[PDB]
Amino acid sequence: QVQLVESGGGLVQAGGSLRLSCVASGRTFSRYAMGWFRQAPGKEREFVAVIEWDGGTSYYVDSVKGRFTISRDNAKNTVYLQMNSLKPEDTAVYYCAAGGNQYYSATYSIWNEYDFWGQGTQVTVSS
């Protein structure tokens, strides 16, 4: 029974940086692919990024490429979403997910194919 708690959100000015964190209870963090989704209220939730168990393979939604970098520290059971050059379009609630390492990378975009989900943390980028 793995619990994921996100933190690091808040209000930041367009163009700044923010570093999100998600801590998994337990000791089995290092088995899981860890992903971030985001949802603007009144919009669909969207895949943002994933990182495989050993940190060697990650993927990014196109709109964040070169701006976000996902990383992990298995010794701390923590996955990170570094968000640079932030944009009003990035304003959303950000959710952490933990799941199996997928043969088909496209499956990483599907919220229900994970195994545990976090409650979310708010990110608001203003002008």
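In this text, residue numbers run from 1 along the sequence as written.
Mean C-alpha B-factor is higher over 41-49 than over the other stretch, the pair under comparison being 41-49 and 98-106.
Placement of the Cα temperature factor of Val79 within the chain: middle third of the modelled residues, per the deposited record. In the deposited entry, the Cα temperature factor of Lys65 places it in the middle third of its chain's modelled residues. In this PDB entry, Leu11 carries a Cα temperature factor that places it within the highest third of its chain's modelled residues. Compared with the other modelled residues of the chain, the Cα B-factor recorded for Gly55 ranks in the middle third. In the deposited entry, the Cα temperature factor of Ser25 places it in the highest third of its chain's modelled residues.
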